[PDB]
Every structure is written in structure tokens, then in C-alpha cells.
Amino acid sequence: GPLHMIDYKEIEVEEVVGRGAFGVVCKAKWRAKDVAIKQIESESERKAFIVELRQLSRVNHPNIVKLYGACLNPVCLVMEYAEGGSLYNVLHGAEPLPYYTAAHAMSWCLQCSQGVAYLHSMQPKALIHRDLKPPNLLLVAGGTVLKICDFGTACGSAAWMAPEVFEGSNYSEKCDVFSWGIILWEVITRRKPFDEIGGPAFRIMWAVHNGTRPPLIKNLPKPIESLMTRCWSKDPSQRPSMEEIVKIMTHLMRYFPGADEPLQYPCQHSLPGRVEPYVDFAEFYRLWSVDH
């Protein structure tokens, strides 16, 4: 695909906006467009940068972060800046946190599935994310458009990780489906998966390996529960494909209007077998029965 070689003189570096496993991400400008640049900080890091650059060049989708180009001196990636920050931050970040709706929760999960389904349907060889979680989901367009990315890990992903991955089996693209199942629960409940557990990360791995999943949700539509709990399955072959998730979720959006309303209202918080959803399903059930 069309990957621009870039002159660092033309980039107007403004400020640091967090960082990944390697490198430091900075907000900048470049030919009158807001850009996130991921600059390298030691000559040692170039092998990983090449894999990242070769990956980002292949992918071209509305729900995966767009690489504009890369400067080879000094070595940096140049991506479209996502103003909204991570989904992790919108859900769990610093107060004041934004209000959002079941429609938003479903639209984020739909958009994420669309992006992963694109990765999975790629040729000659299918790409697998293997680290799908809200810190790697960026928001744009007032919190309404979600973009998959990967900040990378050094050596916290345990909560969203499929059991077959962390147990050192042969994993497949069905590990992404597991992760998505957990993200869906997370955006619906606005709870971090496994804070009831806590302690070090191997506690979560152990828990999940013995069958522990997140708790079920009071008054969750049976169809959404069916989908969610299939994605949690120990056996990877019993989880749906992303093609299937995208089709289902696309169709459920009929009963979840208002996903294009930007996040703009504030929210104040409390936390109680089951758990209450943060979002409200009254309107879903209302719209559903009108059809059925």
C-alpha cells in the first residue's frame, strides 16, 4: 500500500501522549493534519519497528488506526491522531468520566468486531491481534468511532487473554474472540474484569484456566448473553467467528439507536452472584417487542 517516507523537518512535534512497550508516542502536526508519531528512543528497537511498520502498511480499514507514513531519520511512525484517547480511559479513567449508553456500548463492540474480522479475513495469511483489550482501543469523532491499535507489551493483558494463549498451547484467531467477549462484558458493566480476584496476574490466569469467567449481568438480553458466553468458551472451536459476531451485532443495532451521539454528558459513580449493567436495556426490550 501507499506508505509515505517523511521528512522530520516538516513534522511539528507538540507533546507526549503516553507511550508503548518500546518508543514514545507524541502528538504533532504534519501538512495541516493532527498526527500521533511513535518515535524510537534507542537504536536497539528497530527489529520490532519493522514488523510494526510492515503490519500497519498492510491494514486499511475504518476501525484500525491509519498509518500515514514513517520517517527513517530519526526512525518513527506517523499515524492519525485519535483525540478521544483509549476506551480504557473512557470506561475507567480519571474523573470526570463521560456518560454513555447501551447504544454506545454495542457500537464500540460492533466496530471492534468489524476491525478484527478484517484482520482475520486477510490474505495470503490471516492476521491475529492476540492482545485485544480496551487500552488498545482508541476513540475518535466524539467517542463514537472506535479504532483498533496495538501499543505492544514489554514481556495488563491477563484479564482479556484466552486460556489457550497464556497456557502456551497452539492458539488461533479464536483467541481474539475470547478477548472480545470480555470487552463486551466490560463496556456493558463498566467494571474492570477481575477486580474481585486482584493480586498478581497469574491469579487471574489460574482463575480463568479453572473456568472462572466474569459474573453474569442482571436483565441482560438473552441473545447478548448467548453471544457473550459462547465467546468465553474454554474450547476455541465452540466460540463464534468474527464474521458471525459482526453479522449478529450489525443486526442487533436495530434495537440500539443513538450510537452517533457524541459523548458529552458527565457521570458520577458507585459500585454494588450477578451484577447490574451500567447501561440500560429498557429501550432495547421496548423496541424488540414492537417487532416480535
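In this text, the rigid core denotes the largest set of C-alpha atoms whose superposition between the two forms falls within 1.5 Å. Residues carry their position along the shown sequence, with the first being 1.
Larger root-mean-square CA separation from the shown form, computed after a rigid core fit of the structures in 9 other deposited structures of this protein, is seen for 73-81 when 185-193 is set against 73-81. Taken in 9 other deposited structures of this protein and fitted on the core, 213-221 and 194-202 differ in how far their Cα atoms move from the shown form, and the one that moves more is 194-202. Compared with other entries of the same protein, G142 falls outside the group left without coordinates by a third of them; all model it where both flanks are modelled.
Compared with other deposited structures of the same protein, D260 does not meet the criterion of being unmodelled in at least one third, since all of those that resolve residues on both sides include it. The stretch of deposited sequence separating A94 from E95 contains no residues lacking coordinates in this entry. Where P272 is followed by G273 in the displayed chain, the model omits 4 to 9 of the deposited residues that sit between the two. Looking at mean Cα B-factors across 137-145 and 164-172, the upper value is held by 164-172. Per-stretch averaging of Cα B factors for 76-84 and 113-121 places 76-84 on top. In this entry, the residue among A102, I217, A154, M205 with the greatest C-alpha B factor is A154.
Ranked by Cα temperature factor within the chain, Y265 sits in the middle third according to the deposited record. Residue-level temperature factors show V65 in the middle third of its chain, judged at the C-alpha atom.
Per-chain ranking of the deposited C-alpha B factor places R254 in the middle third. In the deposited entry, the Cα temperature factor of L127 places it in the middle third of its chain's modelled residues. Among all modelled residues in its chain, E186 ranks in the lowest third by Cα B-factor.
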